[PDB]
Amino acid sequence: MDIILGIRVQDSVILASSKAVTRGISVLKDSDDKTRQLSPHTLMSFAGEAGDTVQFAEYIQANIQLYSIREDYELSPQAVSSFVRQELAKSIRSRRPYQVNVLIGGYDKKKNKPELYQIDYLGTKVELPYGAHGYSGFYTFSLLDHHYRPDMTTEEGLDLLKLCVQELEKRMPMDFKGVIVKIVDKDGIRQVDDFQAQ
Amino acid sequence: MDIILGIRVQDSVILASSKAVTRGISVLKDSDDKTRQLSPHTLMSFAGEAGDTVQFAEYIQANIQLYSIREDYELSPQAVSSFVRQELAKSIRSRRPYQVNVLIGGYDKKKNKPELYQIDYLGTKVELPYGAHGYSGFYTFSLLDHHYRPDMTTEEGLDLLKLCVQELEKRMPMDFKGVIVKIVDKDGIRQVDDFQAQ
Amino acid sequence: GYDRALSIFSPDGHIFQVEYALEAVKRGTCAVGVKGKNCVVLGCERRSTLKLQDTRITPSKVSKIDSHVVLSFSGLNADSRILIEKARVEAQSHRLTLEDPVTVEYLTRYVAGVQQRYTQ
Amino acid sequence: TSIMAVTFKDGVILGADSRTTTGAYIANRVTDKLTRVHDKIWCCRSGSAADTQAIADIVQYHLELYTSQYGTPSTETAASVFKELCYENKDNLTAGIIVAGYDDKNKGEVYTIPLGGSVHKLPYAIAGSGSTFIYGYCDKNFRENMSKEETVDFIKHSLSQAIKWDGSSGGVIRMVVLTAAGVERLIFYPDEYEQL
Amino acid sequence: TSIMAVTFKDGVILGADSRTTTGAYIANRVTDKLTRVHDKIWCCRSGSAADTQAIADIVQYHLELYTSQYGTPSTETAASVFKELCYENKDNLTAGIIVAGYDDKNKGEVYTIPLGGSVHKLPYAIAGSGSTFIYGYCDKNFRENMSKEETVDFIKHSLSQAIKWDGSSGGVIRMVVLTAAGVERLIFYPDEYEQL
Amino acid sequence: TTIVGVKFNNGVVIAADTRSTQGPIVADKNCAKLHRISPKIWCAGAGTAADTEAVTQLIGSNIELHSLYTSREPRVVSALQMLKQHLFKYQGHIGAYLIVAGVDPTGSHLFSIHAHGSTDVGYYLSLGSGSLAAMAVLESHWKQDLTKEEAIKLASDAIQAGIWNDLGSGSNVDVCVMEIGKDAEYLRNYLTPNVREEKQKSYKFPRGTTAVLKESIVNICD
Amino acid sequence: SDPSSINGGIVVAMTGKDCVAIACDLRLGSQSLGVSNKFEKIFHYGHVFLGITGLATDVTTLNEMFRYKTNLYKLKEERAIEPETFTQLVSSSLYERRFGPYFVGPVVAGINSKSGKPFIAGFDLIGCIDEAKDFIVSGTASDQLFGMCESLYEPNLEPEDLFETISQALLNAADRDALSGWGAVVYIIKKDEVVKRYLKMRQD
Amino acid sequence: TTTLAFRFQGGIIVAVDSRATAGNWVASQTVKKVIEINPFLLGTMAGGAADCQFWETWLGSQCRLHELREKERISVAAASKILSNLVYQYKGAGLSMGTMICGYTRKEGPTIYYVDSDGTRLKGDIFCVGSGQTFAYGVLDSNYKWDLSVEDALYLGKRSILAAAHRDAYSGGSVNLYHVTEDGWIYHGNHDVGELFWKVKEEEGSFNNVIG
Amino acid sequence: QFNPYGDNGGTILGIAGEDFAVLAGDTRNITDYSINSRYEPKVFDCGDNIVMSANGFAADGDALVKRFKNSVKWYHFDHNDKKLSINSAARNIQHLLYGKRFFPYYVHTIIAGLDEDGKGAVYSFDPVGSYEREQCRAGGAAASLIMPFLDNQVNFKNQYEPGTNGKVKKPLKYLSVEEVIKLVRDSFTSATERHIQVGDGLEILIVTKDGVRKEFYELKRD
Amino acid sequence: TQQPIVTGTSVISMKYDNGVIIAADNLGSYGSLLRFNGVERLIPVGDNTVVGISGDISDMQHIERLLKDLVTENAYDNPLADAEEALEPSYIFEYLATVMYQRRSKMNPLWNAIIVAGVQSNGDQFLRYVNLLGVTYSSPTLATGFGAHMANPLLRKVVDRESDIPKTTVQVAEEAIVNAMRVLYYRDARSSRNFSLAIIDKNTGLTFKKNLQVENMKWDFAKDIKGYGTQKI
Ligand SMILES: COc1ccc2c(c1)[C@H](CC(=O)N[C@H](C(=O)N[C@@H](CCc1ccccc1)C(=O)NCc1ccc(C)cc1)[C@@H](C)O)CC2=O
Ligand SMILES: [Mg+2]
Ligand SMILES: [Mg+2]
Ligand SMILES: [Mg+2]
Ligand SMILES: [Mg+2]
């Protein structure tokens, strides 16, 4: 082990998530989408224990979608992340905790700013210019500490991400089968389906 | 866990061995040769525990080379492999056994047959048309059971391996960074040094 | 708690409390729906007793249950909110378990079942 | 701990040492181990102090309630209340209790409730860590229907031996005499019983 | 097991029951626990039967060599050899030995070597699982300078109490009388000593 | 296993059942558990079967050597002392439990030895899983001054108790009689009360039932 | 991971009328993974036959050890070792390793070249000899083999009949065991000649 | 156990072995590892026999209930999610199952879901499951094309279970074969490995590590 | 610690004929190396022409049989005396077993009766309710001894037609009740010889389109 | 989670031609301390049944109360409580077996082994065993604890199968019981010379013998035993 990275540029948040699903000695799948859209301007990626992962994401998805319809309104990224943190904080002391770590990337319309939150299974939340869960951060935080600028464009961010994915392919012991990359800005969430050989 | 494959065609033996050396969370080398020449017509490939591996291989190498110069004569693959076996079998019961698995591929010039021996760290020896150590055998044995023919050319053997490698690059969790391929025939040992982007 | 029966049968075979419930609907503002060839339209009347209202924030009578289904009512306004909430919950739950938004018939069967339950 | 109860001609006597330890430290050298649960029903406690105090308190509560409603409880009734508590809670109790009482009809009686929660009616009983050293001695020296002063002596001799060998036992020897007369507390000091 | 040795006016007596158990099974009901290491130097064994038999055998060998070179060994000397073996190999031995011997200069002597391998010269000693139950009794009834019949009685009573309470003791009671006179073997049966 | 030893007025007898097991499975239905230490000193073992065999043979070997060196008949107390010292030294790890019996120039002797090296002397003894069933019979019928006949009967009935009642024991009763007068007499399968009944049917296959892939003669000589 | 189970294999031996048979499976696995279809478990020193199940490295090592020892024996005694004698040699060679044993269940089969009477024996891993006259079984399907043999066996079978019995014992036992099978060879041993047959069996 | 399912041009091949084991004991050679839930839905079983048999039979019940309630056949997605959600309720209690839910509906097309007792649920075109999976994968992956004929795809599935039955000690017995179409499962027979191995060896000229 | 499970030994065997079925079991009940009883039946007539055995831990076996007999009683009450068919019994027993999935019954169970068409039927369960219909099955302690015999003698496995060079197999015929009882008796005398937990007695229950018939045979008592 | 504290060793029993015999010694042990000596472990229920109990004595006392309550309760609104609706040995047994099995199934056992002996109302002998696991079985002879290993072999020499039971008299059977008790006193370190014995007979009814003692013990041969091998004196 599941790569989950995030970088916040000037006008968007970019999420990249590995495609592999591995059980034991077999890669069962190489196109896994470790993502749920929570609302048209908020995306969540996740990694952790086998079943908990999707169950948690979908449960969160159901809850935010419920709010949207009740209020005919879209919760801010900050609100969704607080909501998510609290669910994890409760879970950590329950009978069987959710073992899931998440990235939340959102575009806030009230402020017109991208926002990236990193939350681990304990309910530790932080807002970051860039983040990662698992081992991948052991490579990417230092790379980005060097190459990252606050005023990068979306295309600059995608280059910076290409650099991170290169580093991981070179140094990480596991084959994670490339990533799926998603951009979240004012015009919503879109997938860059060309990254495998871009 | 290192891929160690052996296939024996009609006029030769081919060994394929992974290039990765990984400690913990890092791939430290992507070009390791997991092989020692034991005599002009006998090659040994090895995998297992970090230090044991090369120490055992170089020790076997010194001993065969000594015998060569003392009798001015090359031991048969069968004789080399019995030596190796007994070495492992004595080691298994000592204070700290060698944790090393090996493939031995040689061309017996007195018989004009290629030969492949598989030996594990216990001193379990067997002569086989094809072999593997570790996880990789869980994929390749059945693949070769299907596509292998006893009277293949060396060129066909190389295509049989291409398949074996391909399958392992599809289904194994870890990035083994491709293989080094070597052929042992009536002439000797050469490296097919162009297998990865071939 | 308190589970004393309030809705029971009349000598001639009606459930009085349900019948009087229909009376509350009768005095509620009017609502109408008609279906086109490729659409459906929902219409409601707003009362004239008080006209110093703020339309921005006053709950309107048509409600989204999901992004593809709507609900309007006539009767007790506070009563309708309990139904709209449960229907919204059910709709998310159905997307969660069957991986598909509800059919309009499904959602109706569901609301109707809630209503029925509260008569017995 | 060394504790015993002995039936004699006119009733029953309970005796105990006065040492409580936590390890080799003497936490209390003057403990009172003789515990009243009714006027003429007493017990001696061994095992966990917390457990046996909690039990003795509950029993005392039950016997007061019993007396309010039905009159003086028999010693058997007392023993049965202890047993119920000990048996039913055997899995979080370490309690060995000896119950001793006097009444007019049944005279002096002794029951021992060891670790299991079993009940045993006996002419005399010994218990506590120190008791193992006096099995032979007590069996050789006990007789039925002894006089008060003979019984006081038997307990005095018995427990001085128990104290002599067991490091957990020691201090003063306390006793309670239970008869028609009456309830009498006796105490005996090292300087006396060590010279026996 | 219940073992003792008692010095008296004319010498010393050793006594033991005759039961060996593995768990609650009685492997041998007529064991002989009184063990000769020299004409007038005998011992009693408790702990591992393997361990105490091996030790007794080595001591016996050692005392035979000693007699050949230097004359009868003293009882202290025998105790010293036992002790050397027990102390030096304590880590792999489970051995509790009581050594008793008659000597002309020294008359009767008793040494006890408990589990550590320490040595203690005593007027009498008791050991084995059964001995716990008779500490009080033995301390109350032993006198120095008893006559032969008194000592036989003191051991007969003491061991019968130990046998009555200890499940690991039982059988017959065996004694060895060690005086100037000589060596005398005695045996007492259940029908006899249970009454006592 | 059930093994017994019984002393009678002019000798000693030993007996054993003939079942060896491997966990719950019966390996050998008629094995011999009565071993010879020397012509007139015999031995029955229980526990690790390889250990009782080996320890019996090592000591038997040395006893013969001793006997040649001393020009005397071997003594039971020597088999005993050599067995016990060997076992003791092995701190239990050689798991042999033995009833050793024999006659020699000093008379008849009956001993038991345990794996850790302790020994005991008796008039009647039993070892192994059937030990308790055997002892019930011995304690019920043994008396002083048994004739040779009575002792063979007692010993045998005691093994029977083991065979029927102990699941670790079965098949047959082997006896060995050592009398002060004469030679030792080994009496193999003295009793055979467990004959397998005639099978209901023969399972002889018609020839050619088994499919063969290939065949060849194998060379023996040179 | 218990060493007598890592590799899998069975060996069975039966006596018949003036003959003996010894049969074995050919599987060499490593836990679930079958590795070789040609791992024979029966050997012969002169006219004496040895089958060995258990840890494969020890099976090889033992064979090489007994080849060694029967070669020297022949050189000093100027005659071939006999089954009875070899049995003792197996037994004491195994016991020599009492506290670091070989993880094996060896089986001996042969006819006495002098007396002509058939002889079989088995051992446990520390040399204890099982001295059965009818059959001896060993390996990871030993329960099943005991089952087949006790039912199928009868004394005094002619060689061609014995071949049927031992093959059918082996095959049906192998088929109820996950770790045995994958091939079988049967040796029929007559004083005079020895026929070795490979059996056709389920390859799963 | 080895079980597989793959999608191709002409639908879905489902193939399973029939061996049951306890430890190294072979418990049965004739066990049923496919459950015909309804005429358009199949379930495959690996892991705990009881766990699988019990919960997939139960899944059949829940599927029938959906039909009665909704007057329509349950989607593959929803049938798989029922079993997924059940199993997830039991997480950490020691349920042991690896499972494929395979079927056709008009709205979905031919669909495979893999579901296990850890709670993983994945949609995909190729799955092999059980102790023999890697063996099945080796043959299957190296000969798989989308455009395989029905005849070939049936053969490849058959041939992949055989591969695994041969190499994996815990697979074997027989192959049970199924084709799932628009119309939609068809049973293509039970094939004993006893005969199938020799026949395939002969006709294909493969299995050369085998003497005979 | 308290261990809620034990092991009572015990072996059972089911064979299905064409229009009959049998269920056999030995009558011996053991604990460790002791014998509890030489005659304690463990094959039961459950009514509706169904026989049942649950072998292993006898307290769990008894509990299950009781519980199932009770199922049969309540089936009659709630379904107007309908006969509980063998396949329906099987499914029911699966729910009984699987109901205790997280505190199982330590039994292997076998039932035997006739199916809807009057064919002999045999069903066998693992301890947690996995089940199958089979032509025959052995369960319990000596199962690993007896099953392969059955594979060979009931389903003729590995037997080829003589001379066909192994292609034509022995064709799978049906066996008479006489032939079946022969195999049962032989299977058990075999198992008694080689397994220490098997012996004393054999009780066979035969089921036909006229009810349930009982047969009994002495087994070796060692 | 529980462990026996005060225990009491074997209970042994057999059927003879007309009834049953059951016996148990009077000891309550505290590990290796022979702690209490007047302990009765034979429990008569009605006059056609005796329940013999070994194992934990606190649990035994609990099962005494249960059996007394059972007699009280069967008498309630039952005019035939001392005739046709008297408690039968089989009812007492089944009840206890149910309790035993339920308690083990709750992981909280009654730490005992129990033998129910008596004669049914049709004259049939009843002899059955249940223990802390709810395991039950029946046999012409039955014993718990050491008695299983040592009494059964002796008792089985008398009654070896069903067909031996019309052939065994009260006298022969009681002799075998008394002798087996002596053997247990010889070899069980947790036993006692004192025991109780009960005969339940289809003609005689219930004879309950108290304060019996093992007699005619052999100990004389002990004087000849010296040392553990070589020692002569
Ligand atoms: C108290 O005794 C217990 C308690 C708990 C449990 C068992 C026994 C069980 C005993 C038991 O093993 N029972 C057996 C079993 O489940 N075997 C597994 C492999 C072992 C296995 C693998 C993974 C997880 C559990 C078990 C098997 O053959 N699976 C393939 C297969 C798939 C589908 C079908 C229809 C049949 C077979 C049956 C065949 O007798 C395991 C279990 O849960
Ligand atoms: Mg003190
Ligand atoms: Mg297989
Ligand atoms: Mg039906
Ligand atoms: Mg048997």
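Ligands are counted one by one from 1 in listed order, and the atoms in each one are counted from 1 as well. Letters go in sequence order (proteins before strands), and every chain restarts at 1.
- Closest protein heavy atom to atom 16 (O) of ligand 1: H:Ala49 N, 3.0 Å.
- By the 4.0 Å N-to-carboxylate-O rule, D:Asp166 lies too far from D:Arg19 to be salt-bridged with it.
- At a threshold of 4.0 Å, the pair G:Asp143-G:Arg176 does not count as salt-bridged, since none of the basic side-chain nitrogens sits closer than that to a carboxylate oxygen.
- Between the side chains of H:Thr1 and H:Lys33, at least one donor N or O sits under 3.5 Å from an acceptor N or O.
- Below 3.5 Å of separation, one finds no N or O of H:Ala20 facing any N or O of ligand 1.
- No hydrogens or angles considered: a donor-acceptor pair under 3.5 Å links the side chains of I:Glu132 and H:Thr30.
- At the top of the distance list for atom 31 (C) of ligand 1, counting protein heavy atoms only, stands H:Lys33 CE, 3.7 Å.
- Distance screen at 4.0 Å: atom 41 (C) of ligand 1 has no protein heavy-atom neighbour inside the cut-off.
- Per-residue contacts place I:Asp126 under 4.0 angstrom from the following atoms of ligand 1 (heavy atoms of the residue considered): 13 (N), 14 (C), 38 (C), 40 (O).
- The ligand atoms of ligand 1 that sit less than 4.0 angstrom from a heavy atom of I:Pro104 are 1 (C), 4 (C).
- In terms of heavy atoms, D:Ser160 sits closest to D:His157 at OG-O, 2.8 Å.
- G:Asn37 and H:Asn209 are linked by a side-chain donor-acceptor pair at a separation below 3.5 angstrom, with hydrogens and angles left out of the test.
- A cation-pi arrangement is not found for E:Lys140 relative to E:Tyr137, the charged atom failing to lie both closer than 6.0 Å to the ring centre and inside a 45° cone about the ring normal.
- At least one N, O or S atom of D:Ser169 sits under 2.8 Å from the Mg ion (ligand 2).
- For ligand 1, the atoms sitting less than 4.0 Å from at least one non-hydrogen atom of H:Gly48 are 16 (O), 23 (C), 24 (C), 25 (C), numbered in the order shown with element in parentheses.
- In summary, the aromatic rings of E:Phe133 and D:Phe133 are positioned with their centroids too far apart to meet the 6.0 Å limit.
- The Mg ion (ligand 2) has no N, O or S atom of D:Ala162 under 2.8 Å away, backbone or side chain.
- Ring centroids of D:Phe188 and D:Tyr193 are separated by 6.0 Å or more, keeping the two rings apart.
- Residue-level proximity to ligand 1 for H:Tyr170 is absent, since no heavy atom of it falls below 4.0 angstrom.
- In this structure, I:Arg137 forms no cation-pi arrangement with I:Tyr123, as its terminal cationic atom is not both closer than 6.0 Å to the ring centre and no more than 45° off the ring axis.
- Counting the atoms of ligand 1 from 1 in the order shown, those under 4.0 Å from a heavy atom of H:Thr21 are 14 (C), 15 (C), 17 (N), 18 (C), 19 (C), 20 (C), 28 (O).
- Rounding to 10 degrees gives 100° for the angle at the Mg ion (ligand 3) between O of H:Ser171 and O of H:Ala165.
- Annotation: atom 30 (C) of ligand 1 to nearest protein heavy atom, H:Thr1 OG1, 2.9 Å.
- Per-residue contacts place H:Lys32 under 4.0 angstrom from the following atoms of ligand 1 (heavy atoms of the residue considered): 35 (C).
- For atom 6 (C) of ligand 1, the nearest protein heavy atom (residue, atom name, distance) is I:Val128 CG2, 4.0 Å.
- Within H:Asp168, O is the N, O or S atom that lies nearest to the Mg ion (ligand 3).
- Salt-bridge check for H:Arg19 with G:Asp204: passed, with a basic side-chain N closer than 4.0 Å to an acidic carboxylate O.
- Minimum interatomic distance between H:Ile37 and H:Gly60 (heavy atoms only, all atoms of both residues): CG2-CA, 4.0 Å.
- Using a 4.0 Å cutoff on heavy atoms, I:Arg101 counts as a contact of ligand 1.
- Among the backbone and side-chain atoms of D:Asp166, an N, O or S atom lies under 2.8 Å from the Mg ion (ligand 2).
- Across the listed options I:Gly56, I:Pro127, H:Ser18, H:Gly47, H:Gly47 owns the non-hydrogen atom lying nearest to atom 27 (C) of ligand 1.
- Aromatic pair H:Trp58/I:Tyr98: centroids not less than 6.0 angstrom apart.
- In summary, the atoms of ligand 1 found under 4.0 Å from a heavy atom of H:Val31, numbered by their order in the structure, are 34 (C), 36 (C), 37 (C).
- Looking only at N/O/S atoms, G:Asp204 comes nearest to the Mg ion (ligand 3) through O.
- Ligand 1 places these atoms under 4.0 Å from at least one heavy atom of H:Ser96: 23 (C), 24 (C).
- For the pair G:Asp175 and I:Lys157, the salt-bridge criterion is not met [side-chain N within less than 4.0 Å of a carboxylate O].
- Atoms of ligand 1 lying under 4.0 Å from at least one heavy atom of I:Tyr106, given by number and element, are 1 (C), 2 (O).
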